[PDB]
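Chemist: Take a look at this one; I'll ask things after.
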Amino acid sequence: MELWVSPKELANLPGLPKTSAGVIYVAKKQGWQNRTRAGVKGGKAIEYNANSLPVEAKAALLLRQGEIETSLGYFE
């Protein structure tokens with residue numbers, strides 16, 4: 001299953017600090033498989049594979065995933 005996450009979205013999980021500045025800085029302490037995509041905003045956008053995040057951030061991630069955006073607007 002594909003489920004990448006952005007630093008700004010990690011700035012809210014408990015295990016991870018509340019500011020992307022701490023996540024990206026801590027990202028070097030490990031280097032979770034981050035896929036870059038210089039085609040969204042304009043400056044190499046960093047991402048994080050949810051499968052690469054530990055369990056404390058994963059479980060917390062799926063938590064704030066309740067209703068993301070459109071697509072499943074039909075509440076499934």
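Letters for chains follow the order of the structure tokens (A, B, ...), residue numbers begin at 1 for each chain, and ligand numbers begin at 1 in the order shown.
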Run DSSP on the backbone of this structure and report the residues of chain A it assigns to strand (DSSP E or B), as a ChimeraX atom specification.

Modeler: /A:4-5,48-49

Chemist: Do a neighbour search on range 50-61 of chain A at 7 Å with only C-alpha atoms, toss out local chain neighbours closer than 3 positions, and write the hits as a PyMOL selection string.

Modeler: chain A and resi 3-5+13+15-16+32-33+64-65

Chemist: Kindly indicate which residue among A:62, A:11, A:22, A:6 lies nearest to residue 36 in chain A, using only C-alpha atoms for the distances.

Modeler: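 Of the candidates, the smallest distance to residue 36 in chain A is held by A:6.
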
Chemist: When you count only C-alpha atoms, which of these residues is closest to residue 9 in chain A: A:74, A:24, A:44, A:39?

Modeler: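 Of the candidates, the smallest distance to residue 9 in chain A is held by A:24.
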
Chemist: Apply DSSP to the structure's backbone, then extract all residues of chain A labelled alpha helix (DSSP H) and return them as a list in words.

Modeler: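 Everything in chain A that counts as alpha helix (DSSP H) is residues 7, 8, 9, 10, 20, 21, 22, 23, 24, 25, 26, 27, 55, 56, 57, 58, 59, 60, 61, 62, 63 and 64 of chain A.
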
Chemist: Report, in Å with one decimal, the straight-line distance from CA of residue 14 in chain A to CA of residue 49 in chain A.

Modeler: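 Here the two named atoms are 17.5 Å from each other.
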